[PDB]
Every structure is written in structure tokens, then in C-alpha cells.
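Engineer: Provided herewith is a single structure, encoded as C-alpha cells, for subsequent inquiry.
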Amino acid sequence: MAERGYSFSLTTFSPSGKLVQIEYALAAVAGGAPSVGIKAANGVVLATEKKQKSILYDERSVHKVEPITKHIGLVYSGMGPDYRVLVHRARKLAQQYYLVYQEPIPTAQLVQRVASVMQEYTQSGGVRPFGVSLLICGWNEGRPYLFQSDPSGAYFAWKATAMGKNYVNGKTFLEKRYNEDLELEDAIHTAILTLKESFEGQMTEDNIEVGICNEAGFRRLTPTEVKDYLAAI
Amino acid sequence: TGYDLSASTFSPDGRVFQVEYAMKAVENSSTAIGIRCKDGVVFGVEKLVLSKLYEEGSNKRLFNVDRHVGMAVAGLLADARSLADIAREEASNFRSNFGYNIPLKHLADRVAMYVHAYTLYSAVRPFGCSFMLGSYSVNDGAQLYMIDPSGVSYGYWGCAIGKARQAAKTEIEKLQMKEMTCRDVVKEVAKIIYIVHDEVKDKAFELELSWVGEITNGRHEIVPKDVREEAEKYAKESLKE
Amino acid sequence: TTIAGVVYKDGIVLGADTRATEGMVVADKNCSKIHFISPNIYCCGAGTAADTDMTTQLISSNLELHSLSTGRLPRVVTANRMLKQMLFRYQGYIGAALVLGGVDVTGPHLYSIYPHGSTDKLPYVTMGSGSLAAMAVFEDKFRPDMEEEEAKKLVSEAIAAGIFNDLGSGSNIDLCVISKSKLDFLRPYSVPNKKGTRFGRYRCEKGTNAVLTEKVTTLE
Amino acid sequence: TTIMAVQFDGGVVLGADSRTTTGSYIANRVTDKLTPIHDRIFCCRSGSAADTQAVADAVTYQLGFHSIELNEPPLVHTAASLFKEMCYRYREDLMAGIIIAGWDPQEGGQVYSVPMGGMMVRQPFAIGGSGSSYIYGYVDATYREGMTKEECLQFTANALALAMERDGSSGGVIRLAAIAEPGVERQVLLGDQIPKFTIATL
Amino acid sequence: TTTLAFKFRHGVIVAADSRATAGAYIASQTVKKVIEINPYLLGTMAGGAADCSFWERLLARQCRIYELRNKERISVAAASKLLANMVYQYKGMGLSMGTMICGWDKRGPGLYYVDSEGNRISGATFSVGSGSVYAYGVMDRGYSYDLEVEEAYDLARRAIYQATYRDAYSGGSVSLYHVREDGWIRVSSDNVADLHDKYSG
Amino acid sequence: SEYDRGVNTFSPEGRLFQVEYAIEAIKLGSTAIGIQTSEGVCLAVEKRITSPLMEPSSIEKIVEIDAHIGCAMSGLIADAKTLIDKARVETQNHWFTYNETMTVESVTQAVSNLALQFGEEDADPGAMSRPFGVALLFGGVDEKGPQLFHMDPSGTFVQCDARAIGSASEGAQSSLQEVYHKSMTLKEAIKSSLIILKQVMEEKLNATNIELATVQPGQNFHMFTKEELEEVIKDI
Amino acid sequence: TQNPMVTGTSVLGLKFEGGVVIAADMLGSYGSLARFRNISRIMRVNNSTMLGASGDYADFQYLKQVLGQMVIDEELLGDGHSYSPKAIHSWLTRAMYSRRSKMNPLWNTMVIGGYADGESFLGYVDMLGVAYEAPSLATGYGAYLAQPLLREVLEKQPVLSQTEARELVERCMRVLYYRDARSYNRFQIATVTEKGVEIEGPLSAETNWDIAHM
Amino acid sequence: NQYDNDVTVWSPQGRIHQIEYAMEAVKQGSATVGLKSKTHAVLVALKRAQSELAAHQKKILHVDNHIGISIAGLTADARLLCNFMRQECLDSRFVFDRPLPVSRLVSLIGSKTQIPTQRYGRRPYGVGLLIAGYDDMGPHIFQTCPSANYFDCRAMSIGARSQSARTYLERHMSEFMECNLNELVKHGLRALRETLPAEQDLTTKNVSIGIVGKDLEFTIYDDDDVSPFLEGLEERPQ
Amino acid sequence: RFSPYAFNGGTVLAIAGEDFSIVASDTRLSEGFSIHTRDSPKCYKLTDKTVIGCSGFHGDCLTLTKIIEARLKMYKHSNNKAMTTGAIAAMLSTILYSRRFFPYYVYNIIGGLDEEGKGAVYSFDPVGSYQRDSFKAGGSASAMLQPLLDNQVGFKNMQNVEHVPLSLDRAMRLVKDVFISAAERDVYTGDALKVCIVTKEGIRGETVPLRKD
């Protein structure tokens, strides 16, 4: 046994100037389950599909939409255990910020710290980059925020976006459906419709997970609320 | 295609070939056997004499790793010696921390996990040795464990490791060792060792014998010269028909 | 400082005075000594105020991480264990004396925690310089399975005894009632002391103060 | 503090007072000083409350993990050895006098004293704490070989009551625990249940 | 202990007594308190004898290494700076050393006082030790930069002798060294009794 | 190509590849000759100046280790700098501790202990990554008389009566074998060294092409000045 | 260990023709209190060596653990070499001096008795690392109360039989009981001879109190 | 091939090639013989001169008053191991005031030299040792190898052309035990001579002898002290 | 509190001759008012030409003599020759200074022969300050012995007295007499006197009884 990891980078520059490992992590993301984020005028909705491979799976056991703080929520597309690592790190970073400043971390600050961690894994010794893309929602200063953080460590602010399978078509659908001044209920309907575009089979209140962020904070929708929204559609 | 070079790499079939190559190193060594009777454990090793220039007892493959625990090894002797040092350290630390003799099952688990720690990394090499641990106590009885280069530890009634372990296991199966005592097991062990030796392939060999049980007051020790000579005579007589 | 806590039939009542003295001078007339740990767990603090604030903030942060990870409500025993292990590792150098009270799936729990890392699980506790007066009130008047109003009156009486007999305690009485269904942070619960009414009018007029130099910077 | 443990043929009896003082102030009058280390292994604690609580928690942790690993009920001697190692290694930082008492399938009922400094000794019976000085003569004159569980419980109750009447650092209630193979039976003697010895007047 | 050194036109004169005491008990009358660091550098021993000897031996090692590396002899200022830097790392740990580094470099005759308290000063005359006040008294009255060599020898011997006369901790013999441009020479070692016969009589 | 094997890999013939390659590197160095007589040790090195604008006095292929020990080097001189610094430190350490001069053999042993202290794993940061590419001739005078030692990058050091290192060490060694006899004088040793250097040097041998130094019982390490060099070379 | 908690009093040792005898009472005192009255302060190291300790009993138990493990390890080697009493005494001296030099001493005074190769060994090691050999030894108050009697007898008779040595040790234990306030009248006698180490106890000295009527 | 560069790589045949290459390193060295009687242990080393004008390389080293060694293979590795052994012997004398038993020292050597055979980026020691010792168990000859295996021997020879020496030792092993010191040394010298080329013979220049015994601390004889042992040697039988 | 030092008494004396050196010591090991043992020599043979006498704290004396023996063996291994007396003195100075802040409480006197075959005595203080002397005393009775050695060996304060070289027999007589005088007055000096004489023939040992009180 020897606990020393490799000290050389596994992500290096190709002769054409590209870091191919990050592009392959992006391919892993593009093979993931569809995720949608929509920033309404008074909140953000994050909707993902969780279609289990069997009825033997307990749907309630694992969650893909996760709280980071009382005001920040997370969802991902890509590889789930990498996502768990990043969720744990984001919660710890938010807590450290709260310990220093005694106010909840602004969404942009937490996005920056998480993206910094992802960049570290694009450059440090003996590791591969994370194989996930994160959608991060938050409410700060009476304002909703929606960010996407990629495996390279680059983050973007979005009004509405999609990740995972069929995300190009999802983006086209969003940009031909999204408008400003939208309310949170209509954004929830639009997010569920965007999931429905790429969904295969019947969508039920257990096939999808929905989280919302507004002034009251971030919370996961119970399957009963999701069933009500699906009935409305 | 380059999948067999590190213990930190899985082959496409799900195999770690470096551990299998270490096991092959064990399969080329000479045979050691252990037999667990109702009142003890007896170890017999066929120690090949490579040079007549060597002394008797050189390169011994039987070790005392604790007052109550003996060790029979096969494979790379230097690896086996380092593992015997590891086992001694584990036993001594257990006595220092918990205040009594380490149970054989616990010592086997600890050493097996130490061995398994060398099957995960490219920075180290798996051990090229397998071994048996033998112990006796009044509270726990007789116990015989075997550990291989992968780190798998199992309890046995009889065990063989080395070049001819299948023929030795066949010979061991013919024994009613559950009701036997150490006295007659020593003869049976010597007979099996003399049977599995190949005089054409290997010229000469010494017969190393040890035991632990109620006969020795729960102390692992070399079998005394009288019993060893009697067992050797009986084994030689059994060879002739 | 006088802090106190009782277990009543439906939960916990915590109480504290609100005076913070620097030496023998009142620095803060309205000091908050009942600290949030979790929505079901609170802690009153005595001793070194900075140590108390920092320790409670750290444990509250760690318990928030723990409850996010488990998705379950925090237990009072977990807060107690974290606090006592942290305080013991510092060998009494962190001077936090704590009354930790909460209601979890196992029911109401009340602990006293001392700066060296020892804890006591008790049905009523007092702490601080007024702790003996409040304890006298408790030993005179505590009964098991009190109602919520009875428990609030008893804790306010204990805090008042600390306030009116310990020089280091004073001002207002703050309460925190915790049950499985609600949390009432009553601040102030009582105001037994007020500043005396002014009989005169000090001379304080524009132009009274002579000025050497003046500089006005306009802000955009 | 007065702690006591007595061995009888099939088990042990442990007993303690319930007083925790800070100076002359009683900070806890119903303290539980009998601490289960394992299903059949208890410790009585005297000295610094923080030190004994920390050490008992650490030993509980180590003994539980060890018992899971061995798939065997722990030996009382093993728990005593763990306590001894901790108390000897940190003898300059700890103020802890421990009695470790319990039952084993291999050894029966067992009492071990780990006094301050970290030595370990097995005894037919052990006493400890500040109050124990006042009952040395009483337990020397009273203890006899072959007492039953009930005789051991009465012996422990009497000795603890005498110490509590004399020692200002002891008082409150008497907590008793009988450990045998069937299990642990705990009781509290309080009020008129505590043995009474008339004050000599005139 | 009394040690003195002074610069003058013909070089550096270094002189010392030879008595080591342990309380009231005289442990030795034959201590060599002028340390011959190398053929071109001299030091003095005041304070702890072991401290001075050890750290000036370390200085000798460093000076020899410097000469091997640079193909030049270390200068007096550089050597005294090395010694001061070496002993500064141990300030407050109880080292006791007061020494004079004496030599003749490209800057002419060089005389530096270095102590364990961190002082390092160049100067024309210095006296260190328990008897140094008496030596200062005699030396200052007798000193000039234009002394003849024999007059300088006599002045150093007289100052050390008077110091041993007044100071209980100074005595034995007077050792006299002359640092010249091409190196130092051990001039003399005269017992204080002979000096007394020559001065009183 | 060069990173396939680690620096501590044995060849199938039982040799460390890197040590063999360093030995090969020494064949590209200038020729140095040491001769040990009863009256002292002489060392002579070809400077091998490449350009007229270079100052030959800045080439130091013979250095003083101590007043009684000198060293000639061949191969990669920049590598020899750290070994020579270590030798000087060791001699001064021995003087500091024991108040005496280190013997030539013990200095050579101390320097040879560094030859194989290279590796990639299990090393402190900045530790040597490869063997040294130098061969050293230590010439000194100790209580055992005058001695000459040869050290090579394998870490082997040997006492020698006369030895040549560098590019022409084979022909120079054969010449040394015929020229050298035990009762040789130091003047004859110096003359024979210069004769062999003249034979093997590609350039003409003058007072600026060579370094020559001697250590003798009672005289310190002495590097021959160019006037002394011309005094010796005038009749060759 | 700057403050010893439970301590043992004097330990006696005496060479005789064919072996060594060591005596120690069975008391662990807690300050002035006689807290532990059935503790053995003599350990058998191996067949040729025995040890007795005065001072801190927890430190003695620690040393007993370490020494027992060393002897076990050597016996595990099974190569025909065993620690002599002299080797044990040397190792103990090194351990005590190392602890002293770290300002963390083992608060003990040890007597090492041994019989090897027809030769008796008696050795003293204190907690500062002072170690020596002598024909008779006594730690603590025994140094003031038993050593003069042992030395007087050895003066008039350098070589003692085993019976004479045992009787002399009994007389010294009786004197220690008379005059040492930390002693107890319950002791052990360990003898190392050609046959090995034998530890006998508990034993009592016969006491006389007739001077109480004078 | 892909299996013969790293000491951590098992070959598909169950072998480690780097260890075997270090064995070859030992086999390249000059021969040396070790043998023992009831009372003495003798090492005889054939030294090799790089050139005609070089001194013959030292082969026999002091370890302690009762232990000496002869080396084959990489000399610098041998110096590392010799320093380690000397430090172990000094540690034993410091702690226990007794000479370290030879077999315990050999076990320490085996433990130290096994470690680099399992760790990536390390290499085996490329040195074989003959260890002559005397202790309470009498005289001892030990052989240590780059594989970290060691052997207790009646007699042994290692280095180049050592098989002829081993054959001679096989022949006279029965005689060795009752030999006196001179006869034992002469047996060792004949075994060493069996490894020589036809033209070369044993001379006071290329022979080194180390002796240890019951009353004799380990002693090395190099040039002129060897002549009494060389005197009386019959010419090579051929 | 814990004091890591003890005063164990004992006196060491060395006298250097023209072709000999003498190191002598008392054999009493004591602590406080007690006697640990009457057979404890303070003289240790280092080499065939060098003996060391150590007095003070006995634990330090044992440790230092073992360290010196180890260092002598290491030097012999490294340099293939035995250490001379002067090299031993320089090495001892470095060893003693290596513990400058937690010193060996040992007074050391080395008696031996130099490289010219002449007697040499080196005296050391606990931190390694040392010098060569013709004669020296250390230990508890050193202030008793030193003035008489000055008077008799050095001929100090005497007029019209020739400085005859000190022969071996006169030196032996003087050592014995001075130790008897010391045993009279110094409570730590007693029991026996061990004398080591170092000549080119080797080291000879002698024992002279002293009073047992």
C-alpha cells in the first residue's frame, strides 16, 4: 500500500489547443438525464427527470434536486456520484461563508466557489475532471438567480437553459417559449413541458423531480404538488 | 494488451492479473501442509535442499509469530519473512493494547487486510507468498487459517499450499482428522509430505515439522526430535509396499 | 448573567437576562443570550461571550450540514456530543457555559455544558453568576410535567431572582419556548426594569461647540 | 464522590452517590456515576467529570468496535486494559479514578481498580472517590467471602450511606447496579430507603 | 579575565591573562585565552571558555571553507560579521562570549569586538573581561597610534599586569601576540611574578 | 525513448543503465593523468580551450580540496563542482571534530558515498535525479605517504600508482604502464605526465594548454605557475 | 512522571553461593494510606532474571509490559540466544536514562537479580539512570535500614549459603517493618538459582513488642 | 520486454526480472569463499585490479569485533549495507552491552533489503554478501542475496566462476569441521584458486583473508600477512 | 519537582610523565549521605594508549563512556586506524558541547600518550572546554589535591630546588599519598584507589586500599 497519488496532470493541451478530457467530460454530461432551469420574474424552477430503470428502485431514497442552503438549490446532468461530491463541497462552502460573514452566501459567490473546485479538478495531479454540469438556483436581494457550471469550471448566468439528452432541442423550445414577466407557476409549466419534449414514455409525479426557489427559499416539490402541476398540463 | 502490468488496473474481464501472477509465484514453491485435529494443529513443510553447502534449518519456512501462533509459508521467502514480521507486530500490538493473546481469527483478518492493501495500487507489488496460521487454546480450540496473495483468508480442517497442493489435498481428504490427536497427525503429515515429493524433479529435501496444541500447552514449537524421527521412519515405511 | 432552563410536559423553556457588563460597568443593556442552534434546538450562553457566540455558531453550522446530509431533524444529543467534544479538546480554554435545550424525535432534552467539556442531562438547569438564585427558585418551586404557562412563569421567576440579586445580571427577561409543534422566541418576555424618568433638561443647543476646521464631502 | 464495587459468585454489584460539586456548591444532586461501557460492563467514575466522561466515551467506542470485529462479547479485563492505557498515557492531564466491573462468560464477575496514575489491579471489592477514605475500616471489618447478590447489595448500600453521611463531597441518592449473566438490574435508593445510622448524642 | 587589543601603526597588539576560576577556586593558571583562529586571524576568550573556543573553531572552519571557495582570505570585517551572525541565532539562550577578532586585511589592521549579546563594533582599542576596567585605565593613559613596537609590547604587558593586580579573577601569565601584515606572531608569555619583579623593583 | 526505464533499473547484465551511460559520458572529457611516487603525487590535465577569446585561467580542472589534497576532474565539470564542495566540507568537518587532517582515502570514500544517491521515488525534494558524470583523481599526502585514488560515477574508488581518465585514457594508460616504475622521482613523474599529455593531446602542448599540480610531504598543494610550466616543458 | 501516585517501598537483594534472593512487600501505598495490600512488586523476567521495583506502581506495570514483550519476541526468534541478566540491566539503564533526558522519568528504583553461566548478578537502576552492581542492594528506606546489616554480614562473611541469605533477608524485612512507616508485614521472596526463578509469598516476619512494657 | 523494467511488476511466469538482474550483478563480481570449522570462520577474497598500476579493490570489510563480510557486486551498495550493519552492531552494544548475534543481524539485513523489492521506483541492492561471525552459537557463515533471501551455510562461494569453488567445497565439506585454522584457511584458498584462470595463481597481491574465532577478534590479512597462509600450498593439481 | 542530576562523588587525578601517563580514581559511588557501592572505578580504558577518568553524575558518566566507545569504533571503521589521544580530546570537546544547554554533569580527564610517545593529560569542563596539562585533578577532592600537585610536581613556591624530571615510581608514590590525604578529609573519597599507568608497553592496573569510613 502507498497513499501517494499521481502528481502530474491528466488533462493536458492537445496540439490543436484543446483539453480533450474536458470535452469528454462534457460528452458524459450530454449523455445524462435532461435537466431544465427557468428563471421567472419571482422565482426559479429546476426540473429534472428521474426515470428509474426498474420498479424495484425506491424513488424517495435518492434525490437529484438538492438544497445547498435555505435559499440555494442544485440539480445536475451527468454522473451522480460526482454530483454528490460537488453537493457536499457546495454545502461546506456555503457554511464557511456563513461562518465568516454571518449572512447567507449570495448565489453568484457560491457558484464561483464551486466552479473554482471544478477547475482545480481540471488541473491538479492524478485526477479526471468532474463529469457533471450543475444548474444552481437562488434568491438574493429580492432577485432570482440561475447559473450553469460546466466540468471545466466555467459558469454562465441564464434566463432559461437545458442540459443532458436533447438539450439543443430543449434550448430551442425554451427560447421559443420563454418570455420575461413570466410567473413561477407558468415557469413550472414551461419547465415540465421542456422535460416532456425529450421524455420517453409516460411522465408521472415520480418520474420527475422539481425544485423551486422564491423569496420563501428553496424547496423540493412533493410528488403531490408535481401531480397537481401535471394534471394542469 | 497492457492490462497485466499494475495491480491498480482491471482487465476488461474484471481480473487483476498482477495478483494472479503473484499466485503463480506461489504455485511454483514447494509444498507446505497444515492439519487441524481435535486438540491441535500440525504443520509440515517439504523444504528443498538446493545446495549441500547449506546448513540444516537454513531457509526455514515455519515461524513462531506468537507464543501460541505458528506460521507455515510458501512462495517468495523474503516476502514471507516480511509478512511474518507483520504478523508478529500485529500480535504484539494486540497484547499491548487489549491485554491478552490475539485470537487467531483476528490475527488472520489483520494480516490478510495488510496483504490486500498491496493489491490495489501501482506503487506497490502484491506479495508473492501464501501462508497458514495455526493456533490452539482451551477457550478457542484449534484453529488453522490460510491467506493467499489476494488477501483472502479462510479457515480449514486441512490445507496445502505450493507446487503439489491438489495431490496433497487429496491425501488429506482421506484422513479422519476431526477425531485424531496431534501424535498420529504428525505421522500422517509426514506421510503426505513424503508422498507428494517428486524425487526425480527435486533431489533432496528436509522435512520441517511443527505443532501447537494441548500436547505443547498451547505453545507453537518445533516437533521434538524423537517424534520427528518416528514420523519420518513411518513415512518411509509407507512409501515402500 | 443568569440563564436557566426547564423541561415541562410538552417541551423546553429557556430563559436569560439581557445585561452584558464589562468589568463592573454595564456595556450592553439588551444582550441576546439565547442562541439559535437549529429550528428545534436552542442554547443559552454564559461565560466568555465571544467563546459562546463562536462555539454556538460553529455547532449550528455543523448541525445544519448534518441535517442537510441526513434529511432529518437534528437531535439534541448530537449537539451535546459535538459541543462537549469540542470543549474537552480545548481543555477549558474556550470559556463557554451552555444551557442546551431542544425537542427532537425522542422528546424534550435539556443539558448543561461546562467549559471543560462535562455535561449533565437534567430536568432544570441554571448557569451564570445569578445561577444560584435561579436554582433556589427552581428547587423551591419546580414540579415535573408542568404546563407551558406554569413553566414560563417559573423560568421568568428564576431569571428575575438572578436579576434582582446578582450584580452581574439585569434588564429584561428573554424566553424561548420549544415544543414539537412550535418555537416561541419571546424577546423581551418581561421588562422588570426601566430607566428612571428625567426630572430635568440638560443644556444641549446648536452652536454650543466651537469648531476649528470643517470639511464637507458630498456623496453621489 | 464515593464509588464501590463488589464481586459475588455469578456477577458484580456497583454503587455510587449522586453528588457533583463545584467547590461547596452542589451543581448536580442526582448525577449518574455508573456508566455502561458494554452490555455487561460498567464503570464507576470519580475525579474530574469532563475527564471521566471523555475517557468513558472513548473506551465505549473502542470496546464496541473491538467487540464487533471479534464477534465475541468483550472481556471485563479488556475494558479495564483500555481504561488503563488511556489513564496511564494521559496521567499528567487526567484526574480520573475508575472502577471497571462486569461479567464475563470466561471469567465471571470481575472488579478492577484503575486509580489516578493509571495502574490496574483486580480486587474482590474496590472503593474510590473522596468519601471512600471514611469507609475503609467499615468495609475491612464487614466484607466476607461468599456473599450472595442480596448481601452484596446491602453491603454496598450500607457503605455508601456511611460515606455520604460523613463526606461533604458525597450525598444525594444511592445508585446500584447488579450485573450477572441474565443482565443488569439498576435501582435507586433515595430518602428513607437509604440505610440510616443514628447520630450518637449525649 | 582580562584581554586587550589595540591597533597602532605597526599592526595589532593582543594580550591576555591565563587564569580560569570556578567561584573562588582557581581552576587553572595556564589558560590560552588568545585563540589562534588561523595563521592570519586571532580571537580572544572572555565569558564562557567553551563558548568562545567552540564558536571561534566554527569560525575557523568557515574561514577556511571561504578561502577554498573564493581563492582569497576572508577579511576581518567579514569574519567578525560571520561570528556575530552565528551567535545571534542563540540570543537569550545563555551563551556568554566576548571576543576580539584581530587581523590585517586589504583595509589595513582590523580589530572588532563581538559579543554574545549581539554587539559588533570596530575600534582602535578594546578591553574585555572582569579586569578590563583596570586595563582600560592603564592603556588609555599609555596609548598612541605612533607607538614603537617595543613600547606597544610594554604597554600591553603593563596594562594586563595592573589588571591582574587589582582584579581577583585575573592572574597567571600574560600572553602577548602581534598581528602584522604577513600574519601574527606569538611574542611572549611572561609570568605575573616576573612582571612584578620587573615593575615593583 | 529515454523515459521508458526508471533511473534505477538494472540491465539484464546486472548493470545500472544510468551509471553505464555516465561512464560513457566520461569518455568525452579531457584527459587527466595522476602519478603517485614516493616523493609526492603529480596531477596534469589538458585544458582543451575552444576559442582564442576564452581565458584559459578560468578553466579549473585541478582544484585544491585541502592543503594536503588536490583533485583532478574529467567529464562534466559542472557536476564535479558539488562533489568537490562536499569534499572540502568533509575535510573541514574532520578537522573541526578531530583536530587532524583527513586521509586521502577517507575523503575519497566520503565523496564516493554520494555517487549512487539518486532516484525518483522515496527521495526528498530536490534530491539528485541522476548520477554524476565525472571521474575524479584525488592526490594527497597523509600519514601513509603520498596516495592517488580514482573515483568513478559507479561509486567505486581505487588506489592507483598511475592513472589516466578522460577521452584518451586507454592509450595514455598504456603509456603510463611502460613509463611508470615504483622508484620514480617526482621530476620524472612530471616529465612523463607531460610527455604522455603531449602525445595524446590534439593541440600542441604549451604552458597555457595544461594544468599541473603536485602534493608533496611537507609542501602544500601547489599549482604550477606558467613560468614553472615553461621551465618543465622547455625540454620535452 | 513527575508525581508518583501509588508507590512501593524498599526492595532488597542479596547474592548467595548459587543464586540471588530478592524481597519486597506487597503494599501499594497511596501517599500515607495503605490502599493496595496484595500487589506483587516482583516480576519474573525469564528463567535467569527477576526484577523488583520501588516507586510508582503504574510505571512498574508499564515496564513489566515492555520487558515481557521483549522476552516474548526473543523467544519467538528461537535461535538459541536469550537475554542475560546483565543485558536486562543494561537495557533498563538505557530506558531510564532516556526517560530522564526527556524530563519525563519513570519514577522507579529497580533491583535486577539473575543467575547465568554459574554466575550471580545483582544490579541497581534508579530513575535518573544511575546503575551499578553490588553483592547486596536495598532501595528506599532499606538503603538506610537493611543495607548496613547486609553489608556487616557480608563483611564478616563474603560468601553466603542460600539458607543464610534467606534468614538475613527475613531479619532485614523485620527491621523494615519495625521502622518504615510505608512498609507492610506481608512480603514476597523471589530466588533465582540454576533451577530458575521461584517466587514465594505472602510471608510475614515474626515481630517482638516486649519493649512496650519497658 | 514489458515485464523486465520495474521491481513492482510480476511477470506472467511468477518471476520478478529486476531481482534476477540484480542477481546477475552479484554474479559479475570476483569470487570469494567462506567456510567454517568448529571454532573459526574464514573469508578468502580474490581481489581484482582494474589496471596493472591500480591497487586491488577491497573485498573484506570490518563490521564488528565478531563479524566481518566479503562483498560481490556493486561496491557502493555494499558500503551502504556495511554501514547499516555497523550501526546495528553499535546499537546492540549500546543498548544491551552485548555483541549482536549474527543470525539476528542477517535477519535485519534481509528485512532492510526486502523493502525496495516491492516499492515502485526502488531497486534491489545489487550486492551479495558472505558474512563470517562468531557468537555464543559458535562460528557462522551466512550468504545474503539481492533477492533479500539469506542462507546459513557450512561453506559458500559467490562471484564469477564460483561454481568450481562450490564443487571443491562440496568435496571437502566433511573435512572442514575438524580442521585447524591453517588447514581451514588453506581449504578456502584452494577453493578460491579453483575459480582462477590457468595463467593466474594465488599471490600475496590478489588474496585477502578475514578470520574470526572463539578467542580471535575479526582480523584482515592483505599483502604480507597473507604469506604464511600461502606458504605450504601445493601446486594446482590440474 | 524532578531534578535530573545527582552528586555521586568521586575523585580523578592524572599526571603526565616523559614517557608515561597516570590516571587514578577513587572507587566509592555515593548519593547524599549514603554509599551505593565501594567498588565503582571511574577510569575507563579507551585505547591501548588512552584512558579516561570521569566524575560527577554517574548516569552521565555511564552514558558518555558508552558514547565515546561507540565513536571510537565508528572512527576506526571509517578511517582504518585507531584514534590518537589528541583526536579523542577534540572529539570529546565536540560531544560535550553538543549538549551545551542540557549538559553532561561530568568532569573528564584523559591520560594517554601522544604521537611522539610522551605523556599527555587533557582536562575538560562539563561543556567541553579543554586544555592540555602536566597534571590535573577533578571531582570532589580536586581542590584538596591540586595545591599539593602544584607544590610537588610543579615545584611552586620553592626556592633553591632543582626541577628533576618526574619518574614513574615517584609519581606513583605521590598519587598514592595524595589520595590517602584526600581520603582523610573529603567524605566522598574512600574505599579503594584504582591507578592506571599508560606506557608504550600498554596499560597496567593497580589497586590500593583506602579507609572505609
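Numbering of chain B is taken from Swiss-Prot, so the residues present carry the numbers 6-246, in order.
Heads up, the Cβ atoms here are built off N, Cα and C, so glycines get one too.
Not my notes, these are from Swiss-Prot:
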- B:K57: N6-acetyllysine (MOD_RES)
- B:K206: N6-acetyllysine (MOD_RES)
- B:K230: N6-acetyllysine (MOD_RES)
- B:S243: phosphoserine (MOD_RES)
Engineer: I need the CA-to-CA distance for B:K230 (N6-acetyllysine) versus the residue listed as 'phosphoserine', whole Å please.
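Structural biologist: The residue listed as 'phosphoserine' has its Cα 20 Å from the Cα of B:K230 (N6-acetyllysine).
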Engineer: Going by a 10 angstroms cut-off between Cβ atoms, which of the modified residues B:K57, B:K206 has the sparsest surroundings?
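Structural biologist: Counting other Cβ atoms within 10 Å of each of the modified residues B:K57, B:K206 gives the minimum at B:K206.
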Engineer: Long-range same-chain neighbours of B:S243 (phosphoserine), Cβ under 8 Å, sequence gap at least 6?
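Structural biologist: Listed in sequence order: B:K196, B:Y199, B:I200.
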Engineer: In whole Å, how far is B:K206 (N6-acetyllysine) from B:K57 (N6-acetyllysine) when you measure between their Cα atoms?
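Structural biologist: Their Cα atoms are separated by 17 Å.
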Engineer: When you measure from the Cβ of B:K230 (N6-acetyllysine), how many other Cβ atoms are you left with inside 10 Å?
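Structural biologist: Its Cβ shell of radius 10 Å holds 8 other Cβ atoms.
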Engineer: Sequence order please: the modified residues B:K57, B:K206, B:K230, B:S243 that have their Cβ under 8 Å from a chain H Cβ, otherwise just none.
Structural biologist: B:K57
Engineer: Which ones, out of the modified residues B:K57, B:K206, B:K230, B:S243, lie near enough to chain C that their C-beta is under 8 angstroms from one of its C-beta atoms?
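Structural biologist: Correct list: none.
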Engineer: I want to verify one value. Collapsing DSSP to three states, which class is B:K206 (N6-acetyllysine)?
Structural biologist: coil
